[PDB]
Amino acid sequence: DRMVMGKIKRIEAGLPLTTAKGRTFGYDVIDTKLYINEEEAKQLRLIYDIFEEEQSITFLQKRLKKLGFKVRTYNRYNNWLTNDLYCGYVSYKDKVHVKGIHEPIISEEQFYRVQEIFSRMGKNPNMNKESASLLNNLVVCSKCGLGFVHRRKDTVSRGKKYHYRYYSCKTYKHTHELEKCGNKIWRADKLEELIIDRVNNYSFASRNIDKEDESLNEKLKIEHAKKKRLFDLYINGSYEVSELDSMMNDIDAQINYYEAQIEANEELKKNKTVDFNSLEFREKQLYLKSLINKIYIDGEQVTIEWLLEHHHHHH
DNA sequence: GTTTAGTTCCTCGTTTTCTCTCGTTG
DNA sequence: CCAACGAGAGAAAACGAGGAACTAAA
Ligand SMILES: [Ca+2]
Ligand SMILES: [Ca+2]
Ligand SMILES: [Ca+2]
Ligand SMILES: [Zn+2]
Ligand SMILES: [Zn+2]
Ligand SMILES: [Zn+2]
């Protein structure tokens, strides 16, 4: 017990909890504290970068190998890309969480960016399988609520072989574990070009502005308001006859700077991923995942629930 | 000629689960 | 050595969107 209260105290003091041998990659253990291991520290930076690129531990393992790096087990890399020990923190099973006394090896940002990658990879099962379909994990059934799965079916007659790609609710694949819901079964090629269509339109739409949202001409006005507030001021208390001209002429050469600026800034404006279809496959689905949250399907009608809103005003 | 469907096994990255062992603590 | 125990490393089993055949209706 009292020893336990001690371990806790040791952690709250900023010291590392796990100090076992070879369970501290990128850190050497001296005394009971850990200090950066230049060598392994480098590998973590490389790992952390590559991963942030590929967004796949396996993909990572494949690359590392090619680079002549000794490759470790999947879970080991999963731990290193997770676990804030590498970005500075020390923890104690939910009871204690605080910045430790060791040199972090990863930026608190690049950390939480990677943690972001795992977050999404979570909500999108198999999105990294080579068989991941363009609209993977994006389509849901308005009937029964489960989501759609991509299906394929092929048969031949004579010598001609037939292939077909659909997107059916799960109730139409797991016939045994659940009964049908009556919602449509879509032709992949369609649903897709359909969605791609709204996505291009939507994309094109965003980008363009409201006049209210777009000073070099709004200050041109400030001076006009000065010559106002100034003259009338003179009629009351104000300034002396002379203090008036020494000033009113300033805002004028000030006007001319702006009028020449404005009329001139005119001419040089008078005389003056958006391409989805070009993106490789994986990048396409990723693009979608970033731009679309959910595609609801109701028989014949589909409703895209965008993720990113637009800049302009709506009604 | 074309599709729509049901069985009955695969795939293969990511996730869980579950022992082994380390080792700091008063 | 006491006693308690959190959690990486590893091995192995579980997940789950998708797949390949072949067969029998529509
Ligand atoms: Ca102490
Ligand atoms: Ca942790
Ligand atoms: Ca159009
Ligand atoms: Zn359904
Ligand atoms: Zn808009
Ligand atoms: Zn309005």
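Per the deposited record, determination of this structure is attributed to X-ray crystallography, with the resolution reported as 3.20 Å.

Caption draft 1: Structural context of the overall build of chain A. Each helix and strand counted, chain A has ten helices and ten strands in total. A compact globule built from 315 residues should have a C-alpha radius of gyration of about 20 Å, whereas chain A, at 32 Å, is more than 25% larger. If one aligns the C-alpha atoms of chain A with their principal axes, the spans along those axes are about 95 × 75 × 45 Å. The buried share of chain A, reckoned over its 315 residues, is 32%. Carbon and sulfur atoms form 51% of the exposed surface of chain A, whose accessible area is close to 21,800 Å². Within chain A, one finds 53 positive and 48 negative side-chain charges whose respective centroids are separated by 13 Å.

Caption draft 2: Local environment of helix α9 (residues 250-270). An ideal rise of 1.5 Å per residue puts 30 Å on 21 residues; α9 measures up with 30 Å between its terminal C-alpha atoms. Where α9 is concerned, the buried positions are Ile251, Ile255 and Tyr258. The buried residues of α9 all sit within an arc of 70 degrees when viewed along its axis, so they share a single face. Seen from the buried face of α9, the exposed residues on the opposite side, beyond 90 degrees, are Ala253 and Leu268. Contact partners of the buried residues in α9: α7 (220-235) and α8 (241-248).

Caption draft 3: Main features of the pattern of salt bridges. Considering all chains together, one arrives at twelve salt bridges under this definition. One salt bridge connects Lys143 with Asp298, and the closest N-O pair in it is separated by 3.1 Å.

Caption draft 4: The protein's contact with DNA strand B, seen in detail. Around DNA strand B there are 30 residues in total, and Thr19, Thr58, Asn128, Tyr162 and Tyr166 lie nearest to it. In DNA strand B, the atoms that sit within 4 Å of the protein are 63% sugar and phosphate, with bases accounting for the remainder. Interatomic distance of 3.4 Å between a side-chain N/O atom of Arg10 and a sugar or linking oxygen of DNA strand B. Here a phosphate oxygen of DNA strand B and a side-chain polar atom of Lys180 are 3.3 Å apart. Those elements that place two or more of their residues in the surface near DNA strand B are α1 (4-12), α3 (57-66), α4 (74-80), β6 (148-157) and β7 (160-169).

The rules behind each value
- Residues numbered from 1 in each chain as written, not as in the entry; some residues may be left out.
- Chains lettered and ligands numbered in written order.
- Heavy atoms only, no water.
- Helix = DSSP H or I, 4+ residues; strand = E, 2+ residues; numbered from the N terminus.
- Rg over C-alpha atoms; globule rule 2.2 N^0.38 Å.
- Buried < 20%, exposed > 50% of the residue type's maximum accessible area, 1.4 Å probe, protein only.
- Areas by Shrake-Rupley, 256 points an atom, 1.4 Å probe, with all protein chains shown as cover.
- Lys, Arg positive; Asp, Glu negative; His and termini not counted.
- Charge placed at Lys NZ, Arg CZ, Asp CG, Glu CD.
- Expected span 1.5 Å × (residues − 1).
- Arc of directions from axis to C-beta.
- Contact = heavy atoms within 4.5 Å.
- Salt bridge = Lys/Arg side-chain N within 4 Å of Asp/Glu carboxyl O.
- Near = heavy atom within 4 Å.
- Polar contact = N/O pair within 3.5 Å; in protein donor to acceptor, adjacent residues only side chain to side chain.

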